[PDB]
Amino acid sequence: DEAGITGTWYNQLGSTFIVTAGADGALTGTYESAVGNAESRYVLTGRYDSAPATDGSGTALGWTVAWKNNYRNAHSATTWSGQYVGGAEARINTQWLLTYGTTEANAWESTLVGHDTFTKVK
């Protein structure tokens, strides 16, 4: 699924995920969020199963963005965990954890959870 995953993806929020899948299991690219304390592109890196089951199962993958670039620093990081599903309407279905840096007193309230679905068309 190197070919299937590599490319430009869009989620339901209007965010843009640009990724290259390497033969070895690497994910590298950029992410641009349509929402939040974010502007322009941010580095992302991650990993995917480069030899997935051939029983029609999805391909497990995940990636991280730290929300610091040359424009802004939101002192936070999001990780997406999910699976790539190939076919006519390819999809990456994810759930995510967004942690922001906090004091120890506020650590209980440091992590948001959500879900994003990416497609190859906006």
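From 1 onward, residues are counted along the sequence shown.
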80 to 88 versus 40 to 48 - which carries the larger mean C-alpha B factor in the record: 80 to 88
Mean C-alpha temperature factor, higher of 3 to 11 and 111 to 119: 3 to 11
Identity of residue with top Cα B-factor, from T64, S57, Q95, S33: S57
For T99, the third of its chain into which the C-alpha B factor falls: lowest
